[PDB]
Amino acid sequence: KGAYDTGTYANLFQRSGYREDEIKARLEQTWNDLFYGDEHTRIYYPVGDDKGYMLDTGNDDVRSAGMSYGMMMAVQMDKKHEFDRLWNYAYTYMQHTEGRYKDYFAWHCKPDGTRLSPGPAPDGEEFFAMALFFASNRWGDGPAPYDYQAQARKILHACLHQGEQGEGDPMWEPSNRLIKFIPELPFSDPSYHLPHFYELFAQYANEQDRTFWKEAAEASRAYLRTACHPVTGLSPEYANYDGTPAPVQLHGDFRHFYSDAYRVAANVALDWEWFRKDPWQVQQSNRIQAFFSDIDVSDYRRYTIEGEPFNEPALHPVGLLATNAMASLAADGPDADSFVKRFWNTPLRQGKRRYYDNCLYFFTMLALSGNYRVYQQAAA
Ligand SMILES: O[C@@H]1[C@@H](O)[C@H](O[C@@H]2CO[C@@H](O[C@@H]3CO[C@@H](O[C@@H]4CO[C@@H](O)[C@H](O)[C@H]4O)[C@H](O)[C@H]3O)[C@H](O)[C@H]2O)OC[C@H]1O
């Protein structure tokens, strides 16, 4: 049985020989540096009396995925002030109040809140909902727009039902229960599959949707089994419903192991830790750690899912190492402990591309310290 059932979370840093006091100090200093550090480290900026944003430093914009990550980090760290500022920002500037995308979030805006595209990014919506449910379960709801569980249910209603009221498209394909890359296109993104979150949407969503969320959890576990290369454990950034790499798109080649796909190993391992349902997740974690076992972080490239290295370097190599280390939540192979130590000995990334690395870095810091947790509906 998983942490969801037992309430006990693996502390892999403590398992590797780091002291309890060292671990929680390091987690606190990671929070301090990311949220309130120097101009070359921080990725969070407070705005006015009641708002705040996570900055994609590399792209000079604010992303629904980054905002939703910030909210997950804040609720996992018991930081209600930062949580409320981030949510109020996403609510005020990014959430559609009308049209084909009503209740969805414009995927990016300028720091001042000016929308740069109207279309959503479904990985944002699902993290928003999960963070909002945890905020409800930890702190209890407030007055709108801080009625956390009501806001979460509204997002997930749109995610399954959007094209019914009028026009628009759902973010889940009804026929196969799989999350889509965007509402309009019939393919997916393996990194967007969060079966562990769907298990919890099955507990918290609008009642009529709970069966679908349960089916989505199993469908996503099965999908990820089809998406990861059987030898390397590498997955493509964009993939067809059959799990094979999607066609080259107008905005890029997403067929290879690069930025998005790093999260797959981290997501697979967190589902293992929380629910312990699919033993393939141990083997997947072993395989990706074996692929990177004698690759130094300084040599991380773009790779074909078959494991062929490009000359082109990984844009986010610290992100990749963070996700490789987070796989130690599930891995039982010879590389598990080495990756925890390698991650411990890695500082936060600095400079203009640091945002994506440091997001993945923070989730790994939470997970490997036993602090990436389910906040349930339970007796106080
Ligand atoms: O009309 C359509 C557009 O709206 C559509 O936009 C897509 C919306 O989702 C976007 O996905 C974002 C991109 O960021 C991902 O993380 C990035 C990983 O690479 C890093 O370098 C970067 O810092 C990160 O931000 C995030 O998971 C996801 O939410 C996608 O890129 C857009 O293409 O595109 C097609 C139009 O037809």
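Because only heavy atoms are used, hydrogens play no part in the values below, and waters and symmetry mates are left out as well, while side chains stay in. Each residue takes its place number in the sequence, starting with 1. Counting starts at 1 for both ligands and their atoms, following the listed order.
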* To do: Examine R42 relative to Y45 and say whether NZ or CZ is less than 6.0 Å from the centre of the six-membered ring and inside a 45° cone about the ring axis.
  => yes
* Within 45° cone of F310 ring axis and under 6.0 Å: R301 NZ or CZ ->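 Here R301 fails the 6.0 Å and 45° test against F310.
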Pairs of nitrogen or oxygen atoms closer than 3.5 Å, one from [X] and one from ligand 1: do any exist?
X: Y356; value: no
X: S64; value: no
X: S117; value: no

Is it the side chain (CB and beyond), the backbone, both or neither of [X] that lies under 4.0 Å from ligand 1, heavy atoms counted?
X: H251; answer: side chain
X: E184; answer: neither
X: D189; answer: neither

* Asked: Are any non-hydrogen protein atoms located under 4.0 Å from atom 23 (O) of ligand 1?
  -> yes
* Is atom 34 (O) of ligand 1 less than 4.0 angstrom from some protein heavy atom? ->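 It does not; no protein heavy atom is within 4.0 Å.
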Give the atoms of ligand 1, by number and element, whose distance to some non-hydrogen atom of [X] is under 4.0 Å.
X: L315; result: 21 (O)
X: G119; result: 4 (O)
X: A65; result: 26 (C), 29 (O)
X: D260; result: 18 (C)
X: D56; result: 22 (C), 23 (O), 25 (O)

Any chance [atom1] of [X] has more than 12 other-residue heavy atoms, nucleotides or ligands included, within less than 6.0 Å?
X: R342; atom1: CZ; value: yes
X: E20; atom1: CD; value: no
X: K352; atom1: NZ; value: yes

To the nearest 0.1 Å, how far is [atom] from its closest protein heavy atom, and which atom is that?
atom: atom 19 (O) of ligand 1; answer: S259 CB, 3.7 Å
atom: atom 21 (O) of ligand 1; answer: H316 NE2, 2.8 Å
atom: atom 11 (O) of ligand 1; answer: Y192 OH, 3.5 Å
atom: atom 14 (O) of ligand 1; answer: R63 NH1, 3.6 Å
atom: atom 1 (O) of ligand 1; answer: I182 CD1, 4.8 Å
atom: atom 6 (O) of ligand 1; answer: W107 NE1, 3.6 Å
atom: atom 9 (O) of ligand 1; answer: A121 CB, 3.4 Å
atom: atom 26 (C) of ligand 1; answer: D123 OD2, 3.4 Å

* So is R263 in contact with ligand 1, going by heavy-atom distances below 4.0 Å? ->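 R263 counts as a contact of ligand 1 under the 4.0 Å cut-off.
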* Decide whether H81 and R85 meet the rule of one side-chain donor and one side-chain acceptor closer than 3.5 Å. =>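 Yes.
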* Asked: Would you say the side chains of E237 and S191 form a donor-acceptor pair under 3.5 Å?
  ->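 Looking only at side-chain atoms, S191 and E237 do not form any donor-acceptor pair under 3.5 Å.
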* Heavy-atom closest pair, residues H316 and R349 -> CA-NH1, 3.9 Å
* If the plane angle is over 60° it's perpendicular, under 30° parallel, otherwise tilted; pick one for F35 and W31. =>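 Parallel, since the angle between the ring planes stays under 30°.
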* Quick one: sort the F292 and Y303 rings into parallel, tilted or perpendicular, breaks at 30° and 60°. =>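 Perpendicular: the ring planes of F292 and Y303 meet at over 60°.
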Could you check whether [Y] and [X] have their ring centres less than 6.0 Å apart?
X: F339; Y: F343; value: no
X: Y69; Y: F363; value: yes
X: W213; Y: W172; value: yes

* Asked: Picking from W274, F275, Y9, what satisfies ring-ring contact (aromatic ring centres under 6.0 Å, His included) with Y4?
  -> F275
* To do: Would you mind finding which of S68, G252, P120 brings a heavy atom closest to atom 8 (C) of ligand 1?
  => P120
